[PDB]
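Notes follow the structure.
By convention in this document, chain letters (A, B, ...) are assigned in the order of the sequence lines, proteins followed by strands, and residues within each chain are numbered from 1. All heavy atoms count here, side chains included; hydrogens, waters and symmetry mates do not.
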2 protein chains.
Amino acid sequence: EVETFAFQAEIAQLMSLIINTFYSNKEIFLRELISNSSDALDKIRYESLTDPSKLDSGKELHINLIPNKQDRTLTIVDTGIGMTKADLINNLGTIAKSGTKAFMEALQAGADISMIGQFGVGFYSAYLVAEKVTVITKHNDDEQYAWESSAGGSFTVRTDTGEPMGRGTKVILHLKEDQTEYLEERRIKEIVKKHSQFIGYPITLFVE
Amino acid sequence: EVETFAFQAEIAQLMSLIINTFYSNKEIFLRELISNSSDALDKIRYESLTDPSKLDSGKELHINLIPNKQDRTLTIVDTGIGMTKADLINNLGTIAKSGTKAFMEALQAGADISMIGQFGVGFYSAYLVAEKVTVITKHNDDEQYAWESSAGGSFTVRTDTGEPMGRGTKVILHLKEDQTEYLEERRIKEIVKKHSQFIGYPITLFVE
Ligand SMILES: CCNC(=O)c1noc(-c2cc(Cl)c(O)cc2O)c1-c1ccc(OC)cc1
Ligand SMILES: CCNC(=O)c1noc(-c2cc(Cl)c(O)cc2O)c1-c1ccc(OC)cc1
Ligand SMILES: [Mg+2]
Ligand SMILES: [Mg+2]
Ligand SMILES: [Mg+2]
Ligand SMILES: [Mg+2]
């Protein structure tokens with residue numbers, strides 16, 4: 001059922017830095033995850049140009065933002081290419097080891113945490129606002145898997161028999177108690193407008 | 001020997017817009033091409049994490065900038081994943097049709113040409129400074145090919161028997177007569193520092 005893995009030392013250090021550093025501009029997490037969704041959406045679009053059957057699992061290319069105040073969750077859903085189990089394990093398809101090295105060298109030369117995505121590890125900025133993150137994903141060449149981590153040096157991977165998606169990625173942010181502003185419609189809309197206004201795919205903000 | 005192709009109507013319109021629009025901040029072309037090199041370098045690195053033999057064609061992951069005043073060329077070379085012939089034909093591995101649509105809609109809502117890379121078509125910004133662009137490329141799963149275009153609605157593709165590279169992409173910018181400042185060491189260095197200072201791979205500026 002549930003497999004447990006250790007984060008590579010560099011990734012664990014990245015996550016601790018993200019968790020323990022004083023850094024007020026937390027809102028950038030949303031731009032980073034929307035950007036990842038957009039990169040995955042680009043990939044399925046590109047593949048479908050030479051093979052339209054890659055879209056049998058879903059033709060609509062889009063991003064949904066789903067706040068749930070009762071569950072204290074902000075969920076980001078895309079219909080991008082999705083990840084294989086192998087991808088999930090290999091730091092969610094990132095070059096996380098080398099990217100972390102460059103990121104921390106940059107923080108040495110006056111970078112700040114908002115620049116995290118320039119190093120291919122924008123995903124981990126989720127830990128600015130979330131105590132636990134769940135990544136549900138479905139790639140055309142594999143089954144649906146759930147990745148999960150509350151940090152602390154380990155993550156899990158299981159097959160997901162919960163709600164089939166067809167194709168793409170769902171990121172569920174179980175928010176820290178003092179970060180509930182990211183569930184407020186007005187705040188989400190402000191953030192999307194500020195940082196994600198030219199994204200090439202529809203972004204739908206769900207109502208509660 | 002030489003195959004000739006028509007650009008898709010949207011790409012041809014993109015290139016004309018790039019060529020004919022008054023836009024002083026031309027220097028951004030270099031950041032866009034360095035960014036593409038960095039994305040291709042990420043890809044070969046990622047693949048090599050699960051298969052180290054992907055690096056038999058070259059272990060060093062880097063970017064070279066080669067100005068040649070006599071030839072009036074600025075050449076950008078990377079050891080990234082490279083492109084197949086199919087990739088070259090399909091708008092150099094870009095989602096150029098949809099990306100152009102989004103780019104032009106953005107230019108309607110107060111974007112400017114410097115934001116071109118947000119729409120996955122940063123390559124075409126080469127035409128800000130170049131009258132002709134040649135793309136030599138070698139992917140592990142194919143032979144070495146040369147793509148070439150002086151715009152005007154068409155491009156060529158040939159097999160390249162010229163100097164084998166091993167793996168990666170070489171972009172040769174045959175510069176417009178009034179854009180020779182991009183061959184000056186001081187100017188190249190200024191531009192790299194301004195826009196490409198946190199790139200995760202060595203950038204070597206060649207001396208003449
Ligand atoms: C191997 C082919 N699959 C993908 O590239 C992919 N599919 O899905 C995602 C993805 C990842 C994350 Cl963390 C998201 O928040 C949203 C996504 O769509 C990705 C993805 C996007 C970006 C990325 O690094 C910048 C790595 C992975
Ligand atoms: C299909 C797998 N190959 C690649 O992705 C690839 N290999 O090579 C390049 C590339 C392209 C360009 Cl236009 C460059 O200036 C530099 C490159 O390395 C690319 C490339 C980089 C970026 C891109 O779109 C943003 C498309 C293609
Ligand atoms: Mg790495
Ligand atoms: Mg919660
Ligand atoms: Mg397209
Ligand atoms: Mg020339």
Side-chain angles (χ1 to χ4, degrees), chain A residues 2-33 35-37 39-40 73-74 76 83-107 109-137 145-158 160 169-176 178-179 182, chain B residues 38 41-43 45-52 61 198-201:
Chain A
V2 191
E3 296 177 288
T4 305
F5 300 86
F7 286 115
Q8 291 148 21
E10 296 77 10
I11 288 66
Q13 290 156 10
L14 177 63
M15 292 169 77
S16 281
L17 180 153
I18 290 158
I19 285 153
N20 301 305
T21 297
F22 182 77
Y23 182 74
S24 288
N25 176 223
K26 289 177 183 278
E27 73 183 47
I28 61 89
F29 83 90
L30 183 59
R31 162 195 80 197
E32 294 315 319
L33 300 170
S35 167
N36 282 6
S37 292
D39 297 343
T73 60
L74 180 63
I76 307 86
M83 294 166 285
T84 71
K85 190 191 174 186
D87 292 322
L88 283 176
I89 292 172
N90 199 191
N91 309 304
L92 305 94
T94 65
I95 41 75
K97 185 175 169 168
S98 57
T100 303
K101 183 214 202 315
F103 182 38
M104 274 160 185
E105 287 186 42
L107 292 168
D112 67 286
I113 285 152
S114 78
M115 300 153 62
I116 191 168
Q118 298 182 218
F119 314 95
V121 293
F123 172 70
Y124 300 91
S125 77
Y127 295 86
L128 290 169
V129 297
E131 34 163 55
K132 180 170 86 194
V133 177
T134 316
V135 179
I136 317 292
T137 196
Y145 297 97
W147 177 106
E148 202 169 58
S149 187
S150 290
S154 74
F155 63 95
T156 66
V157 176
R158 57 170 172 87
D160 189 51
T169 300
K170 186 196 313 198
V171 179
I172 309 157
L173 311 163
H174 308 262
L175 294 180
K176 296 181 259 201
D178 67 341
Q179 303 295 324
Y182 302 107
Chain B
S38 176
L41 286 157
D42 289 349
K43 286 179 154 85
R45 185 178 266 155
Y46 190 71
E47 285 197 352
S48 76
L49 294 175
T50 53
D51 185 359
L61 304 179
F198 299 109
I199 294 295
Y201 302 91

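- In this structure, the side chains of A/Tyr182 and A/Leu175 come closer than 4.5 Å at one or more pairs of heavy atoms.
- Looking at A/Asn20, its side chain does come within 3.5 Å of a backbone N or O of A/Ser16 through a donor-acceptor pair.
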Give the intermediate values and the outcome of side chain to side chain contact (heavy atoms under 4.5 Å, CB included) for residues A/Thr169 and A/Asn36.
-> CA-CA 10 Å; A/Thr169 300; A/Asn36 282 6; over 6 Å; no

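- Taking 4.5 Å as the limit, every side-chain heavy atom of A/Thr137 sits out of range of all side-chain heavy atoms of A/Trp147.
- Between the CD1 atom in A/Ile113 and the OG1 atom in A/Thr21 there is a gap of 4.5 Å [rounded to 0.5 Å].
- Heavy atoms only, all atoms of each residue included: B/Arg45 and A/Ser98 are closest at NH1-OG, 2.8 Å.
- Screening A/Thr134, A/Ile136, A/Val133 for a side-chain contact (heavy atoms from CB on, under 4.5 Å) with A/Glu148, the sole residue that qualifies is A/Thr134.
- Taking a cutoff of 4.0 Å between a charged side-chain nitrogen and a carboxylate oxygen, A/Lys85 and A/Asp87 do not qualify as a salt bridge.
- Distance check: A/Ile95 CD1 to B/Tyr46 OH gives 10.5 Å after rounding to the nearest 0.5 Å.
- For the atom pair CZ of A/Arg31 and OG of A/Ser114, the computed distance is 5.5 Å after rounding to the nearest 0.5 Å.
- Comment: A/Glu105 engages A/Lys101 in a salt bridge, judged by a side-chain N to carboxylate O separation of less than 4.0 angstrom.
- Atom OG1 of A/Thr94 sits about 10.0 Å away from atom CG of B/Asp42, to the nearest 0.5 Å.
- Of all the heavy atoms in A/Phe103 and A/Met115, the pair that sits closest is CE1-C, 4.4 Å.
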Begin from the C-alpha positions of A/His174 and A/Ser150 and carry the test side chain to side chain contact (heavy atoms under 4.5 Å, CB included) through to its verdict.
-> CA-CA 9 Å; A/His174 308 262; A/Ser150 290; over 6 Å; no

Run the side chain to side chain contact (heavy atoms under 4.5 Å, CB included) check on A/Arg158 and A/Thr156 step by step: do they pass?
-> CA-CA 7 Å; A/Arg158 57 170 172 87; A/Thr156 66; 5.9 Å; no

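- The CZ atom of A/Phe29 sits 5.5 Å away from atom CG of A/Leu74, with the distance rounded to the nearest 0.5 Å.
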Full working for side chain to side chain contact (heavy atoms under 4.5 Å, CB included) between A/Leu17 and A/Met104 = CA-CA 10 Å; A/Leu17 180 153; A/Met104 274 160 185; 3.6 Å; yes

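- Relative ring orientation between B/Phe198 and A/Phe119 is described as perpendicular, the plane-to-plane angle rising above 60° on a 0-90° scale split at 30° and 60°.
- Between A/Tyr145 and A/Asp160 there is no side-chain heavy-atom pair separated by less than 4.5 Å.
- Heavy atoms only, all atoms of each residue included: A/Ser37 and A/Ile76 are closest at OG-CG2, 3.9 Å.
- Of the residues listed (A/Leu33, A/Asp112, A/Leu128), the one engaging A/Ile28 in a side-chain contact (heavy atoms from CB on, under 4.5 Å) is A/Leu128, and it is the only one.
- Nearest approach of A/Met83 to A/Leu92, heavy atoms of both residues: SD-O, 3.5 Å.
- Scanning all heavy atoms of the two residues, the minimum distance from A/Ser154 to A/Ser149 falls at O-OG, 2.8 Å.
- More than 12 heavy atoms of other shown residues, nucleotides or ligands fall within 6.0 angstrom of atom NZ in A/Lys26.
- Taking every heavy atom of both residues into account, A/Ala96 and A/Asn91 meet most closely at CB-CB, 3.5 Å.
- Counting heavy atoms from C-beta on, the side chains of A/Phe7 and A/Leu14 never come closer than 4.5 Å.
- Rounding to the nearest 0.5 angstrom, the gap separating the CG atom in A/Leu88 from the CZ atom in A/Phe155 is 8.5 Å.
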